[PDB]
Amino acid sequence: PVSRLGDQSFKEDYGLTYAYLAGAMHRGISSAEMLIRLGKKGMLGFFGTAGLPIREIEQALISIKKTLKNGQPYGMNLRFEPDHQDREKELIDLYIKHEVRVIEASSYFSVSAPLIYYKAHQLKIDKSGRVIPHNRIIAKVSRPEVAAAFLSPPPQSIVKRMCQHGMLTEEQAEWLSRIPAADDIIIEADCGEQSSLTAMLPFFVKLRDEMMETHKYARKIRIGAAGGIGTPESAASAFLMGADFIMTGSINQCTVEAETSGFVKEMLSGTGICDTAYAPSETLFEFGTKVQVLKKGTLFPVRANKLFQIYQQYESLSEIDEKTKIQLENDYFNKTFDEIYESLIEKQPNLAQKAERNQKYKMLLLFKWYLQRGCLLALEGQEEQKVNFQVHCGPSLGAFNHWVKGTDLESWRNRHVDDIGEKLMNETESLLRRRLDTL
Amino acid sequence: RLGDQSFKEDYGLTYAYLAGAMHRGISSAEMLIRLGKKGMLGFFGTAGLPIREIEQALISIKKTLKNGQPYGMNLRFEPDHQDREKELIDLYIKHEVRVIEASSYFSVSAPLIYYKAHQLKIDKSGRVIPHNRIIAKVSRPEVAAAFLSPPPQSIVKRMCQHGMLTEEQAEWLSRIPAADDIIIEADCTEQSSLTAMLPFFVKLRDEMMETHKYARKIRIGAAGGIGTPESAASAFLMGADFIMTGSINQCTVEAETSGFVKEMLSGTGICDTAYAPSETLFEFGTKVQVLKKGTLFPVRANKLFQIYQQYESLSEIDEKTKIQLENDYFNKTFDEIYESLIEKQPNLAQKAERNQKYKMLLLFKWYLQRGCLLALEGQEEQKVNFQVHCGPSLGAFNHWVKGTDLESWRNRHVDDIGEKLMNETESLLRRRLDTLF
Ligand SMILES: Cc1cc2nc3c(=O)[nH]c(=O)nc-3n(C[C@H](O)[C@H](O)[C@H](O)COP(=O)(O)O)c2cc1C
Ligand SMILES: Cc1cc2nc3c(=O)[nH]c(=O)nc-3n(C[C@H](O)[C@H](O)[C@H](O)COP(=O)(O)O)c2cc1C
């Protein structure tokens with residue numbers, strides 16, 4: 324029960340017993356059951372909203388609220404998508420409707436009006452003249468300028484715009500300028520971008536300290552650490568560099584709680600440190616955005632990377648040589664270009680106006696569907712098409728597996744998300760105490 | 327004071343701090359000299375240099391370091407050219423080099439076994455005492471396993487049949503590991523994470539220790555990402571017996587690289603590096619971390635790899651893109667640059683007319699070589715094509731030294747930056763015991 328790792332103030336404000344968060348996994352892989360189990364142990368999970376329709380997100384919220392009815396910690400992810408700010412306002416209104424008091428903001432480059440509106444809800448000032456937030460944000464960042472934005476107060480450009488539209492009140496807009504754009508930050512390194524936490528984490532920790540003496544807020548902003556945390560040594564290293572809390576993703580996919588196919592959870596059980604690869608990202612494909620995926624038992628990383636090299640080498644979709652055109656339609660997708668396009672015009676016929684106009688966009692959405700298809704096939708059951716499975720994963724799982732090798736935890740069916748976190752947290756504190764003295 | 331006590335004694339160090347090699351002599355003789363006087367171990371950058379420049383550097387270091395001061399030599403592995411390896415080990419034995427940094431090896435080789443065998447002996451107590459030592463630089467489990475395990479008896483038995491080893495040296499070599507020590511290298519040419527890798531290799535060393543039961547313990551080093559007191563503190567906390575630093579050392583008075591590059595390097599940040607294709611194993615998608623701030627080299631080098639996988643022939647490149655390579659990337663035509671590579675070897679030009687892929691492969695490999703040479707040169711304004719190897723560690727170091735007099739590369743001395751790094755790492759570990767608890 325000791326749990327002396329991380330910042331004491333962070334645990335109080337979020338209602339935790341351990342300064343341990345479990346990051347989101349898309350399409351509900353970070354399930355309602357996952358959060359429920361973390362909430363009962365005083366740990367903070369984030370529901371995987373990305374990809375899901377509002378129907379499934381709304382259902383997951385009420386499901387959690389009726390089990391977690393004693394102030395237990397739970398949160399929701401909110402992934403930034405550029406042209407879909409219509410859904411951002413909907414999700415924040417839904418989060419305010421279902422009393423979600425913490426969100427994980429990811430893929431943001433700047434703070435937005437819906438994020439400002441979220442923090443503003445039930446915002447108030449105490450008798451002492453200090454701004455007390457009701458709803459909190461933990462921005463997951465990988466770059467200095469983004470971290471800087473979220474550590475700095477919200478842009479007046481947006482706060483003033485919001486008052487003209489009645490979304491904020493002058494009392495709220497003044498209180499928002501006296502607090503950071505996000506309540507806390509997470510530094511992401513090798514998530515399932521590709522920079523090391525060892526070179527990054529000391530910088531962001533100093534940047535937080537710089538922003539603290541500059542803006543002079545009431546309470547401290549806490550810096551989290553994510554990407555590569557799968558063992559007591561990994562977490563101990565993060566905490567030693569100055570992390571106020573830790574965060575894990577890759578491990579949590581290999582548990583009873585996570586919503587992914589059982590074969591995938593079994594493939595995940597036997598992965599090693601060198602069984603991952605950098606594939607192109609679905610959301611920001613054309614810009615060379617990478618995604619770390621599973622390599623053991625799947626051709627998806629090679630096949631996905633091959634689709635990117637052809638997008639850059641050819642401008643039109645029809646300019647692909649006959650020799651290579653046939654292999655994509657037969658074994659990658661298992662469907663021709665025209666029948667794939669016929670299904671994609673069915674949903675959103677609007678985009679077809681752009682596909683007819685621009686031959687690059689026509690090509691782009693076809694290859695983006697291979698990445699979607701791969702993710703969906705991994706989530707499905709009773710399917711022996713493991714060659715196209717896209718399973719987001721990092722070396723941290725491989726490191727975790729190696730650490731648990733020999734114990735009863737080798738099988739995923741004995742891995743409970745709360746007990747793996749509890750063990751990780753307790754061995755980390757045991758190692759720190761030990762290693763520091765054994766100098 | 328920090329690290330493994332036995333490692334410092336066997337290599338004659340005051341600090342368990344090594345400085346990795348930097349190709350084409352960038353890890354200069356002067357650097358090794360300055361590190362040797364502070365009780366730190368530097369490895370001379372032999373890669374790319376001809377034997378005359380390596381031989382000259384050796385005698386230069388011996389003329390200055392004769393008080394048993396620590397210095398070593400790098401040795402990379404090239405399968406196409408084994409004679410270069412043989413000659414270098416004979417040169418290292420000629421000039422009394424007692425420690426070597428083995429890189430890009432997948433298996434221990436006859437020249438490495440011959441190196442450890444020189445002046446090898448057994449004490450009165452019946453324990454094998456090595457004269458010449460190897461520190462293998464590995465990034466993979468199977469390679470680390472090989473070097474932790476004793477030398478393959480088949481290479482050792484074949485070496486006896488050719489008179490390279492004796493009957494008693496061959497027995498002594500089987501009772502000791504293939505390399506005296508290991509360095510786990512991550513991120514720096520690989521995509522590996524020191525946080526996920528280091529705990530494994532430390533356990534693998536322990537497994538190999540109880541298995542083979544050698545006399546003396548094998549020490550595990552840590553390289554890739556160490557540019558600050560908390561990076562090193564993290565490595566030492568994960569079980570590193572010593573740490574190694576490369577990117578930071580390139581930005582010091584002692585390193586042999588152009589002053590403009592040292593100025594470029596002084597202002598780099600954590601996000602100012604990029605993964606470009608490697609000179610060696612280019613076709614296989616092997617990556618190399620390079621400088622991004624001020625150079626177009628990472629983009630231009632990566633574009634050449636896309637062109638190689640796209641087409642089959644060098645002449646099949648469309649006219650629009652064919653012209654920009656011959657004028658912006660380099661200042662020679664495809665036929666003209668082929669003439670530049672006549673001097674090195676005519677027999678490889680035979681294979682080029684035979685295979686049209688090999689023809690374009692060696693052309694794109696020269697862009698990478700040209701980029702490296704242009705960075706080393708002075709009076710340079712060809713910054714656009716400079717290939718400067720670097721990692722986020724330099725950016726992290728710069729941010730740590732921001733505000734102090736060490737901000738300029740002229741105020742930075744390789745021994746004092748290492749001394750400070752190690753002094754503050756010690757301080758950080760000791761003080762955080764009281765801080766977090
Ligand atoms: C299956 C999977 C799905 C993920 N999906 C998302 C996502 O939708 N949103 C997000 O913010 N992070 C996502 N992540 C990243 C994690 O939340 C976490 O920050 C990261 O994996 C930490 O790195 P680690 O895996 O090395 O511990 C995902 C990770 C995995 C393994
Ligand atoms: C300029 C430069 C050149 C390098 N050349 C070599 C080389 O020839 N051989 C080698 O084994 N390592 C080489 N390295 C790797 C370093 O010796 C070292 O392993 C590593 O860079 C340490 O990590 P750091 O870059 O994060 O400080 C090079 C690194 C740099 C910065």
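As you go down the protein sequences, you meet chains B and A in turn.
Those letters in the first sequence? Residues 324 to 515, 520 to 766, by the deposited numbering.
Those letters in the second sequence? Residues 327 to 514, 519 to 767, by the deposited numbering.
By construction, the Cβ of each residue, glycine as well, lies at the ideal position given by its N, Cα and C atoms.
Asked, Found
"Shorter than 8 Å from the beta carbon of residue 523 of chain B to some beta carbon of chain A?", "yes"
"Ends of the beta strand (DSSP E) at residue 463 of chain A?", "459–464"
"Answer with buried or exposed for residue 729 of chain B, where buried requires no fewer than 16 other C-beta atoms within 10 angstroms of its C-beta.", "buried"
"Can a CB atom of chain B be found closer than 8 Å to the CB of residue 770 of chain A?", "It is not possible to answer for residue 770 of chain A, since the shown part of chain A is limited to 327 through 767."
"Using a Cβ cut-off of 9 Å, which residues of the stretch 541–556 of chain A contact any Cβ in chain B, in chain order?", "554, 555 and 556"
"Where residue 838 of chain A and residue 667 of chain B are concerned, what is the direct C-alpha to C-alpha distance, given to the nearest angstrom?", "The requested residue 838 of chain A is not part of the displayed model; chain A covers only 327 to 767."
"Quick one: is residue 648 of chain A buried, meaning 16 or more other Cβ sit within 10 Å of its Cβ, or exposed?", "exposed"
"As an exercise, report each continuous alpha helix (DSSP H) stretch of at least 4 residues that is fully enclosed by the stretch 393–422 of chain B, in chain order.", "408–420"
"So if DSSP puts residue 605 of chain A in a beta bridge, which residue, or which two residues, is it bridged to?", "A:619"
"If you run the structure through DSSP and keep just helix, strand and coil, what is residue 539 of chain A?", "helix"
"Quick check: the stretch 355–362 of chain B against the stretch 385–395 of chain B, are at least 3 beta-carbon pairs closer than 8 Å?", "yes"
"Please list the segments of the alpha helix (DSSP H) lying wholly inside the stretch 672–741 of chain B, counting only runs of 4 or more residues, in order along the chain.", "677–684, 686–706 and 722–731"
"In terms of alpha-carbon separation, which member of A:379, A:645, A:639 and A:424 lies closest to residue 640 of chain B?", "A:639"
"Could you give the DSSP three-state label for residue 545 of chain B: helix, strand or coil?", "coil"
"Taking its Cβ as the centre, do 16 or more other Cβ atoms sit within 10 Å of residue 429 of chain B, making it buried, or is it exposed?", "buried"
"Can you tell me the Cα-Cα spacing of residue 585 of chain B and residue 744 of chain B, whole angstroms?", "8 Å"
"Consider the C-beta atom of residue 580 of chain B and the heavy atoms of ligand 1; say whether any pair is separated by less than 7 Å.", "yes"
"What in chain A is Cβ-close to residue 467 of chain B, meaning under 9 Å?", "599, 600 and 601"
"Would you say residue 719 of chain A touches ligand 2, meaning its beta carbon is less than 7 Å from a heavy atom?", "yes"
"In its own chain, which residues sit with a C-beta less than 6 Å from the C-beta of residue 333 of chain B, not counting the 5 before and 5 after it?", "342, 549, 571 and 572"
"Regarding residue 463 of chain A and ligand 2, is the C-beta to nearest heavy atom distance less than 7 Å?", "yes"
"List the residues of chain A that residue 605 of chain B touches, going by C-beta distances under 8 Å, in chain order.", "521"
"Within 8 Å of any Cβ in chain B, is that where the Cβ of residue 719 of chain A sits?", "no"
"Taking Cβ positions only, does residue 513 of chain A come closer than 8 Å to chain B?", "yes"
"Do residue 556 of chain B and residue 723 of chain B have their CB atoms nearer than 8 Å?", "yes"
"Does the stretch 538–546 of chain A come close enough to the stretch 699–707 of chain A that 3 or more CB-CB pairs lie under 8 Å?", "no"
"Spatial neighbours of residue 607 of chain B within its chain, please: CB distance less than 6 Å, with the 5 preceding and 5 following residues excluded, ordered by chain position.", "631 and 635"
"Short of 7 Å in beta carbon distance, which residues of its chain neighbour residue 689 of chain A, apart from the five on each side in sequence? Order them along the chain.", "644 and 682"
"Which of the three DSSP states is assigned to residue 746 of chain A in this structure?", "helix"
"Taking buried to mean at least 16 other C-beta atoms within 10 Å of its own C-beta, is residue 566 of chain A buried or exposed?", "buried"
"Note the first and the last residue of the continuous beta strand (DSSP E) segment covering residue 509 of chain B.", "507–511"
"What I want to know is whether the C-beta of residue 480 of chain B ends up closer than 7 Å to one or more non-hydrogen atoms of ligand 2.", "no"
"Considering only their Cβ atoms, is the gap separating residue 345 of chain A from residue 371 of chain A smaller than 8 Å?", "no"
"Applying a beta-carbon distance threshold of less than 9 Å, which residues of chain B neighbour residue 628 of chain A?", "Simply none; closest approach about 12 Å."
"Leaving aside the five residues before and after residue 443 of chain B along the sequence, list all residues of the same chain whose C-beta is less than 7 Å from its C-beta, in chain order.", "491, 495 and 499"
"Looking at C-alpha atoms only, which residue of A:553, A:445 and A:611 is the closest neighbour of residue 454 of chain A?", "A:445"
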